[PDB]
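Below you will find one chain, with nothing else, as C-alpha cells; this is the form deposited in one PDB entry, and questions on how it binds or moves follow later.
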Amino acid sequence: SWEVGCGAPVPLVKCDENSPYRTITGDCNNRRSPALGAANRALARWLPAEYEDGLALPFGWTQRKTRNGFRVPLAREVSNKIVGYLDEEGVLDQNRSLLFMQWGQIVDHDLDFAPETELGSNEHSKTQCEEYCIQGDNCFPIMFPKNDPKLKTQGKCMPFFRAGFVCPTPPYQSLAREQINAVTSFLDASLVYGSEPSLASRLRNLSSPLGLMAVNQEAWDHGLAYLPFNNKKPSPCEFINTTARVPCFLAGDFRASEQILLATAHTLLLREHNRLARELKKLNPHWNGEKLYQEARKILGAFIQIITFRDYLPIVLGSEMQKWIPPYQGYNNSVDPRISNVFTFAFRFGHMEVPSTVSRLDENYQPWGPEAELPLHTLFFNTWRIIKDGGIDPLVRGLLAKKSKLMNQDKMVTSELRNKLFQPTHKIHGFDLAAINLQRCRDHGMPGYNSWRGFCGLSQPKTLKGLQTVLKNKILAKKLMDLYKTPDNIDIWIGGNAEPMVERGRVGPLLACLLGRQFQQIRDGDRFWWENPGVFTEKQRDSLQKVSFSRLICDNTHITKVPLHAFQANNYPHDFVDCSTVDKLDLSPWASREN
C-alpha cells in the first residue's frame, strides 16, 4: 500500500463544528476525514491508474509501446470513423427537452473539473505545442490520421495539454500521476458560489449588508440581473467578436461562458440566490449579510440536489435508478463522497445529447426575430448574444421547447462539437471534443472498457462476436475492433457511450453503473444533504419538496408560460401552463421568531 497522505495545492484548513453551513472548499464535511470531497485534491481512484509506464505516461505516448499487444488507435481516427455523422435530420430526442442536456452540464460543473496544467503559461510552451505539434512534457498533441480534411486545412495536429496533477505541479515519478478535482465533490452549488475563498468573496456583494451576490453593473435584462463580467484579458468571449467586445461572465465556476445556454443557466441560478436573500431579509430584517448569504446559499444547494435527484437522475438512469440509488436513509459517514476519475469521463455522455443548433423564441414561442436559430458553434464563449440580443428569456424558451440530441450509435456527436469546437487559447473553431475526450481518457490513465465492465459485474466481450451482442450492433462492433484490436483496449468514453440505452433512461448498463454509484455516494457521503435529519427543519423540508425548474424559471425571468415537467419534451401551447398554477417555494418556515 505504498503512499500515505500528500497534500500540496490546498491551504489549511480548520473546522467549525456546528457552523450550520458548508465551507466553500468542501473541507469539514466529513468529521473524521475533513479533507474528503474538498476541492483541489486528487480525483478518487476506484481502480488503479493505468498508464503506459505504470506511473504517468498515457497509453499512446510511445509509438512502439502497445496496450495488451496492440497499438492504441489515434484519437481523431476513432472520432472520424465512429463518432462523426453528416445528417442532422432525425437525430432529436422525442422525449427530452434541451433543458435535459443543459442540466447535465450544470451538474457536471458543480461536481468536477480537472484543469490543464498551468505550469509555464508564459513559456514558449503553448507556442511550441500549438505551432510545432511536438509531443513532450505536458504537450500531448492530437495528431490527424492521413485522410483527415483537417490535415489540409488546419495543420498536423490539434494541440492538447495534459491535465494537472496533485502535490506540486512539477513532474512526478514516485507514485502514479493523480489528476486534480478543482471543485467541491458535494452537489453544493459550487458552480455558483466558487470552490475557493478567494473567488467566493469576489462574487459576493459585500457593499450592502443584504447577502447578495454581485451583479453586473453595465447591463440589465428588463430589470433582471446578469452576472458580473470577468476582468481578465485576453478574454475568449471578447475574442469571438472584437466589435461587440463583451467579456465572459464571472461565476463560481470558471467554464460558465463556454456556450450561451450554460451562461443562461448560470444566470438563472444567480438571480435565484438574490431573490432568496431578498425574501429572507424581508422576513428576517435582523439577519446580517452573512446570515442572508449562507441561508440563501443553503437553499439554493438544496434546490440543485432536489432537481438532480428527483427529476434528472431518474430519466438518465431509467430502470437502473432504484438499483444504484435506493431511496435515502440518512447520512453515512463511511461513504466516500469524492468524485472518481472515471466519473468525469462517464458524465461526458452528455456530449452526444448536444444538438447542432440553438433557438431564441418569443412570448408565443415563435421564432424570435430573423436569425433566431443559430449554429451551436457560433455560440461557444458567446456572451454578446445575451447582453445585446434579447437577454435570457428567448434562450430559456428554447431550452423548454426544443429537444436534446438523442444518442445514436450511427450519429454520436454533432460536427458542431466534433469539428468546430472553440478553445479559449487557440483562436479557431476547429477542435474535436470527441478526439479530446479520448486523448484525455488516456491522459488520466483510465482502465479500459472491460476493466470497467468487470467493475460493474457485466460480461466482458473478447471477440468481435462478443462485442456485437453486447452493443447489439454488428457494424459498430466491427469498426471498434478494427481500430482497437480487442475490447480490452477500448477507451471507456467511447465504449460506455456505444452501449444501447437502458429502458426509460439515456445511458447504457456500464454507464448507469458508473454514474449511479457516483451519485449514490455523493448523496450518502454528504453531511449537508438537504434531507439529512438536522440540516433543515421538517417544515423547511416540506416547502423544499415543492421546488421545480418550472418555478425557478417563473421566479427569475418574465416568462409566464411553462411546462410542468421541464425535462420531458414539451410543445407549446399544449404542454404549457401559466405560472400561477405552479407550486411556489414557501419561505415562511425560514422566519426567525427571535422577538
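Only residues modelled in both forms are compared. Counting begins at 1, following the sequence as shown. Take the two forms, superpose them, and find the largest set of C-alpha atoms that agree within 1.5 Å; that set is the rigid core.
Highest mean C-alpha temperature factor of the two stretches 43 to 51 and 30 to 38, which is it?
Stretch with the greater average CA B-factor: 30 to 38.
Using only C-alpha atoms and the B-factors in the entry, which stretch averages higher, 119 to 127 or 477 to 485?
Higher mean C-alpha B-factor in the PDB entry: 119 to 127.
Selection from 258, 178, 311, 218 [criterion: highest C-alpha temperature factor in the record]:
Comparing C-alpha B-factors across 258, 178, 311, 218, the top value belongs to 218.
Out of 463, 230, 497, 408, which shows the largest CA B-factor listed in the entry?
Highest C-alpha B-factor among the listed options: 230.
In terms of the CA temperature factor given in the entry, to which third of its chain does residue 365 belong: lowest, middle or highest?
For residue 365, the deposited C-alpha B-factor lands in the highest third.
Against its chain's modelled residues, does residue 193's Cα B factor rank lowest, middle or highest third?
Within its chain, residue 193 is a lowest-third residue by C-alpha B-factor, going by the deposited values.
For residue 425, the third of its chain into which the C-alpha B factor falls:
Residue 425: CA B-factor falls in the highest third of its chain.
Test of reading the entry: by CA B factor among the chain's modelled residues, which third contains residue 73?
According to the entry, residue 73 has a C-alpha B-factor in the chain's middle third.
Could you place residue 340 in the lowest, middle or highest third of its chain by Cα temperature factor, using the values in the record?
Answer is lowest: the recorded C-alpha B-factor places it there.
Although not depicted, the form deposited in another entry is the subject of the following passage.
Tell me, which of 318, 424, 466, 120 is the one whose C-alpha shifts by at least 2 Å between the shown form and the other one, with the rigid core superposed?
The listed residue whose C-alpha shifts by at least 2 Å is 120.
For residue 573, does the CA position differ by 2 Å or more between the shown form and the other one when the superposition is done on the rigid core?
Residue 573: C-alpha displaced by less than 2 Å between the shown form and the other one.
Residue 9 C-alpha shift between the shown form and the other one of 2 Å or more, rigid core reference
Yes, the C-alpha moves 2 Å or more.
Between residue 239 and residue 123, do the C-alpha atoms lie closer or farther in that other deposited form than in the shown form, with a difference of 3 angstroms or more?
It is closer: in that other deposited form, the C-alpha atoms of residue 239 and residue 123 lie at least 3 Å nearer than they do here.
CA-CA separation of residue 11 and residue 257, closer or farther in that other deposited form than in the form shown [shift of 3 angstroms or more]
Relative to the shown form, the pair is farther apart.
Once the rigid core is lined up, which stretches of 3 or more residues in a row have C-alphas that move 2 Å or more between the shown form and the other one?
Residues 1 to 5, 8 to 12, 120 to 123 form the runs that move by 2 Å or more between the shown form and the other one.
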